[PDB]
């Protein structure tokens, strides 16, 4: 079956625009500067992925929240809160594997490289703008996983019908700003001063608002080889 990669099953996506593909096929590529193979997988519904992984990601996100430097949340989410948050619409998981399917009961602390969600950033009239949030396994720090996650995003978001990308809060202290978003030609379309009270910072941290046109993307950025 291929129900698990059918755009027909897209929940809570764009109101005014249809998907540009009937399916999202898993995307294989190598980690930057490596011969190690990774595969990105679509997640239209949580049932199409193993519970053990979901529960892993659950913990991964709360650790990221508990660090207090990246996301605006103060507190850790409940399991149901996390499901409603990360899997409200669409998500992606990226695994260190060469297989074109997700296998059960894997050692996620090794195999899980990263994940992100994609949802409409606004209500229906503006729902062609998508938002995304990203997480990288800390065990795979320093391997440029976040950059690859962004390329996958650039490849897949438009396929869901999105025409433009919005990140509402990217903290200047977040190295993804200059390591990734700037590198991929995401525009800093705004700045919020003193936006966030963050763990380990005496003063409030400014936040960047990033935008990008998903209809006019640089092939250089789309290519994973």
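Positions refer to the first chain, counted from 1.
- For the two regions 24-32 and 155-163, the entry's Cα B-factors average higher over 24-32.
- The stretch with the higher mean CA B factor, choosing between 37-45 and 66-74, is 66-74.
- Highest CA B-factor among 131, 143, 115, 89, as stated in the entry: 143.
- When all modelled residues of the chain are sorted by CA temperature factor, residue 8 is found within the middle third.
- Per-chain ranking of the deposited C-alpha B factor places residue 185 in the highest third.
- In the PDB entry, a CA B factor belonging to the lowest third of its chain's modelled residues is recorded for residue 52.
- The entry lists a Cα temperature factor for residue 211 that places it in the middle third of the chain's modelled residues.
- Per-chain ranking of the deposited C-alpha B factor places residue 148 in the middle third.
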